[PDB]
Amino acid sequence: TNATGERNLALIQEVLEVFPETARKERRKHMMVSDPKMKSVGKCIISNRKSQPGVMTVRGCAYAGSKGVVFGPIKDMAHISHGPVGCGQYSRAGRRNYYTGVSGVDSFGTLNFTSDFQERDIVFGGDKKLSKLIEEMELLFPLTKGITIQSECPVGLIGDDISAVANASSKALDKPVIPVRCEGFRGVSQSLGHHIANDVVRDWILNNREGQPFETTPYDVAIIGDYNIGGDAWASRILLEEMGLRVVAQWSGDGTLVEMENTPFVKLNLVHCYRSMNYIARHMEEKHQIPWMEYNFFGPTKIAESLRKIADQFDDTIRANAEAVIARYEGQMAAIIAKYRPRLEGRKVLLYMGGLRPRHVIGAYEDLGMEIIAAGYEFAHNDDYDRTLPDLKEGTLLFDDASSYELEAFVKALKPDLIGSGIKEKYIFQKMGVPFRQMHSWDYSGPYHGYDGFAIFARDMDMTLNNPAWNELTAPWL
């Protein structure tokens, strides 16, 4: 490797010295330094394994992946957090998966529906309570298009059978009632909740309109794996419609059961979050012969690449439209780069997030002259690490499921100018004097996808990296 690479390999060894020997050796396989010539990680890194007990992993659970990430955003369905009260309360309106609607009436994503398990539900089982719950829900919330049942830890452990409940209630309501066995002890992170949810969608939603008439166009697409954080999916949808495509469905930011049931009638699936929804994309290719492709709407270099490759799946009319859309936003892009690149050029960034953004935002940073010096994921798999390799400079530190200890140690040694990570990391690194931007919730700003999003992204990186308070951590007399 190069000099940067050696320094990072030595840093790896120094950081892991604190771990008991058994964990030390296991943790060493979760980190590596990148090679520009490598095309796949092979045995250089391992991922999607259990977390080490007691280390303060950043990860969440499979209920977070299913309820919190995939199903929670669907606005026209009521999602029931089934089990005791915590899970549903801590995850009530924490993720900014934007939607429009009339809350409590035709759209339900900010309400917290729960079966609030008590000790008698654990000793006698929760299915009778679940069935009565759904009757009460239908009475007080008549405009739901369908209902999901998101299982918390206790449900499967006490032997309940929510599928039998879902089938019975779906007949009585004449609406889809969807059971999900996303108990938080299953799998190792948020990731298995994604996979569980894709399999549930495959069997309980996707075939509901098979054989029905749907009026199509040649340029019908679905956005797969964009959860509209801060309106990201609306800022992506507008470009695809400007290019002459019809976005029949959005999975699942501002999404609906109806859009999802109409997805098997589209011509092309456009996968933004590969990690969470590649499963269903591959399934629609196999069963409905719908092609799919990955794309990236972070920053002008990746948006132009994406628009051109999407248009190249159609005909010369869409190709020409792709060129006209890029030319239409050229001025706006050039003014954003001319204003903000001089304020950010040369600064170094450390990124630590779930399963996509750690590699997906690197082009936007590079469009503002910034450099990534370390990148890691909470719960990515090896195919995500493979997908990261083309966008790293040689010697970059690449790592998986870091404890708080490891992330603190990496930041103290690397001295990034800017960190992009989550809410549990923000207030630690700000006290250490490092400018920090939340790159899950966008620090209550966004959108960051698309051309309208790049302006916001650039304003926000400048705002925080150059804020005057960062020169005041040390008192003037010290």
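Note that residue numbering follows the sequence shown and begins at 1.
Trainee: For the higher mean C-alpha B factor in the entry, choose 306-314 or 142-150.
Mentor: Looking at the record's C-alpha B-factors, the answer is 306-314.
Trainee: Got a sec? Mean C-alpha B-factor, which is higher, 231-239 or 156-164?
Mentor: Averaged over C-alpha atoms, the B-factors run higher in 156-164.
Trainee: For the C-alpha B-factor as written in the entry, point me to the maximum among 36, 65, 53, 453.
Mentor: Among 36, 65, 53, 453, the PDB entry lists the largest C-alpha B-factor for 36.
Trainee: Select one of 445, 48, 40, 438: the residue whose C-alpha shows the highest B-factor in the crystal structure entry.
Mentor: Spelled out: the listed residue with the top C-alpha B-factor is 40.
Trainee: Give the position of residue 357 by CA B-factor within its chain, expressed as the lowest, middle or highest third.
Mentor: Lowest third.
Trainee: Would you mind ranking residue 276 by its C-alpha B-factor against the rest of the chain and naming the third, lowest, middle or highest?
Mentor: According to the entry, residue 276 has a C-alpha B-factor in the chain's middle third.
Trainee: Consider only the C-alpha atoms of the modelled residues in this chain, order them by B-factor as the entry records it, and name the third containing residue 428: lowest, middle or highest.
Mentor: Lowest third, going by the recorded CA B-factors of the chain.
Trainee: Taking the C-alpha B-factors as the PDB entry records them, is residue 61 in the lowest, middle or highest third of its chain?
Mentor: According to the entry, residue 61 has a C-alpha B-factor in the chain's lowest third.
Trainee: So where's residue 83 on the chain's Cα temperature factor ranking, which third?
Mentor: Ranked within chain, residue 83 CA B lands in the lowest tercile.
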